[PDB]
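Okay, so here's just one chain, in structure tokens, the form deposited in one PDB entry.
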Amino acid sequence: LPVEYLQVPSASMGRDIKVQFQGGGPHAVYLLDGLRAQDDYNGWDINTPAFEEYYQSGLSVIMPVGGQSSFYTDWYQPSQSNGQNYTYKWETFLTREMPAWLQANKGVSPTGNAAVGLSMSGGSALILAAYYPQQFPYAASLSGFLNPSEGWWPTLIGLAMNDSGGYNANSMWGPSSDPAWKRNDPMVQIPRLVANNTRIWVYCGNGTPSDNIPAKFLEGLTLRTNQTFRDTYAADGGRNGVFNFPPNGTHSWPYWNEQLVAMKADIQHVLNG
């Protein structure tokens, strides 16, 4: 496989971002990583045969590397206690800096692409499509946080971020009362997804979540939030979504891969049809 490892400068973050890349077409699938994103390889390449599966699909595959606990968002400030010496600006990187570089150097189109995320980045994918519909007419969320601003979720997200590299949610979107939480909440932004006619693919798993509170309680919160998202999408006039909630589905790389393979024909028909 002609997979490449690229160094893409980020002016906003003052550093080079590593990007794993496979060509094959002018439009691309952006494969976003989970909460514990490493700085050597994207979790999709560590854990799955994603590149091989999308080889000769007519689509390029882009795996950005890095951004542990970043939610692929633009942060207010550096995370303080873990000594971060810059501000995460991953929305700026994914929507401006990286597509400009890929267009200029490889001819990858900055528009007409798919954003696919899991766990942490499931919501990210939907938010990117909500605010950048020309770039992302297609978004998939696999076990994402679909209502991060509501109820228990700001607390649980804060705990998860702290457990993953010691990152501080307050530095990201402020206290949960800050407008940034609702801005970046897929549930709240459903009217944008509907207005944009975004093609959304939403996978909900079962069992062990992806805090020191009982698993069954977490599972109940997750189930309720997922059902509310699906109901709200329909009630707000959404008509371009795929909602997958198989009983045997899990919150894990094998099933996130299963979903990535399952959506390939869907992405091909939306982006290249």
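We call the rigid core whatever largest set of C-alpha positions still superposes within 1.5 Å between the two forms. Start at 1 with the first residue shown and count on from there.
In none of the other PDB entries of this protein that model the residues around it does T232 lack coordinates, well short of a third. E52 is built in all of the other entries compared, counting only those with both neighbours built, so it is not a gap in a third. Missing coordinates between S210 and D211 amount to 4 to 9 residues of the deposited sequence. Higher average CA B factor: 162-170, of the stretches 162-170 and 144-152. The mean Cα B-factor in the deposited entry runs higher for 96-104 than for the other of 115-123 and 96-104. The entry assigns its greatest Cα B factor, within the set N47, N206, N244, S70, to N206.
Of the residues listed, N184, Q135, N82, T198, the entry assigns the biggest Cα temperature factor to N82. Ranked by C-alpha B-factor against the other modelled residues of its chain, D33 falls in the lowest third. In the deposited entry, the Cα temperature factor of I17 places it in the middle third of its chain's modelled residues. In this PDB entry, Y131 carries a Cα temperature factor that places it within the lowest third of its chain's modelled residues.
Ranked within its chain, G43 lands in the lowest third, by CA B factor from the PDB record. In the deposited entry, the Cα temperature factor of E91 places it in the lowest third of its chain's modelled residues.
Same protein, other form: the form deposited in another entry, not shown, and the subject of what follows.
Large C-alpha shift between this form and the one not shown, rigid core held fixed: of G237, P49, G220, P246, this applies to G220 alone, with a displacement of 2 Å or more. The distance between the CA atoms of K216 and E150 is at least 3 Å longer in the other form than in the form shown here. The pair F217 and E150 is looser in the other form: their Cα-Cα distance rises by no less than 3 Å compared with this form.
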